[PDB]
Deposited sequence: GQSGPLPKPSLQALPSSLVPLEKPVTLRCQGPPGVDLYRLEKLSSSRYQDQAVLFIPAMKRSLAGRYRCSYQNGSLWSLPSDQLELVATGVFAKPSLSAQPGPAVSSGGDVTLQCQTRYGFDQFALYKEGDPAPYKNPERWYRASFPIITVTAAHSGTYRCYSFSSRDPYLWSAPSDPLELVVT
């Protein structure tokens, strides 16, 4: 009577969601045992496939974007998986990264309004301002990406690494 939508499957990208152009990425939709049909779809085109796995040998700009997948067991469809945001990097010239609590500034030229900073393994910092301030000054290697909120999935090449070292 109240048999609602089956539990959402998982949708991940291997080895990662941040995919530089021409590099490989595998999108895998995973549901519990008993799936009769899988369906992976790219939200921008409303074009889906019946296979759980979408392999992209060489990442292209047109393959960047939002993806969701669902599955059917019996005559029941599941909830959609969380949206996988497939990002393409190297779409633009890399920005520059420069300097208890430290503040770094990601400087770009294209006039983008978005930035992403991350400490290699991990920690991400997304901001709509070229000046980010890491709270816990944790020694490590940093890099940032710059992009436009108009195409939030097409990212520049990573900046040269800035090695943070606290004594």
{"property": "Gaps in the model (deposited sequence, numbered from 1)", "result": "100-108, 131-138"}
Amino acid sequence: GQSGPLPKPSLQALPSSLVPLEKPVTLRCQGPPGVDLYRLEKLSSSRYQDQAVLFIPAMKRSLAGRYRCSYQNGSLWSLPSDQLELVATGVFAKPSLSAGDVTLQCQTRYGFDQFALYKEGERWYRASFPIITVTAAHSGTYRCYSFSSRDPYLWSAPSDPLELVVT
From here on, numbers count along this sequence of modelled residues.
query	finding
Given 107-115 and 50-58, the range whose Cα B-factors average higher in the PDB entry	107-115
Stretch with the greater mean C-alpha B-factor as recorded in the entry, comparing 137-145 against 37-45	137-145
Residue with highest C-alpha B-factor in the PDB entry, from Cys69, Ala64, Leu27, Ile132	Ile132
Chain-wide C-alpha B factor ranking for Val166, given as lowest, middle or highest third	highest
